[PDB]
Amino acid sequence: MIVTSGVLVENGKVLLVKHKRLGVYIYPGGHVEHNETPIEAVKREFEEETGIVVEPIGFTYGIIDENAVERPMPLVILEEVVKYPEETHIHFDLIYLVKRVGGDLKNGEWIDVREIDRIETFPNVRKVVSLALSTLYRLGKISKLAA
């Protein structure tokens, strides 16, 4: 079962939302519908859940042609377990790094990335955040020795 998520980090803070059933904070995201792409689903769901409009940004090799466009690589992909009383799901999670490009905050909270252990968070959050800091740290670094 395909799902997609958005990691938005601005000024040491990550935007998170409460899961309507689990209650723990999660990266805004959700089920990738059939007739849509994971890129469209993450944009659509980030905005309906938070009010913020984002754009997934990742690495692409640069492959271009009239018949196909390359899409950004996710920050990571996890098969996560979710245990409901009626049943257990496995979610194939395409976790994208995202950027804000519009909207207005309506739901969700900016959680300092250092206080992530002071709140109930979906199991992955802390692991994914570390991965995201590293990556941003690297990119910031490499974006250094460009000159």
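Don't overthink the numbering: it's just position in the shown sequence, from 1.
Visitor: Looking only at CA atoms, which has the higher mean B factor in the entry: 94-102 or 29-37?
Guide: Taking the mean B-factor of the alpha carbons in each, 29-37 is higher.
Visitor: Between 2-10 and 136-144, point out the one with the higher average CA B-factor as the PDB entry records it.
Guide: Comparing 2-10 with 136-144, the higher average CA B-factor belongs to 136-144.
Visitor: Which of these has the highest Cα B-factor in the record: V54, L78, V82, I116?
Guide: Answer, based on the entry's C-alpha B-factors: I116.
Visitor: Could you check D112, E120, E86, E48 and tell me which one carries the biggest Cα B-factor in the deposited entry?
Guide: That would be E48, according to the entry.
Visitor: Please rank the C-alpha B-factors of the chain's modelled residues and tell me whether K127 sits in the lowest, middle or highest third.
Guide: Ranked within chain, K127 CA B lands in the lowest tercile.
Visitor: Please place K20 in the lowest, middle or highest third of its chain by C-alpha B factor as given in the entry.
Guide: It falls in the top third of the chain.
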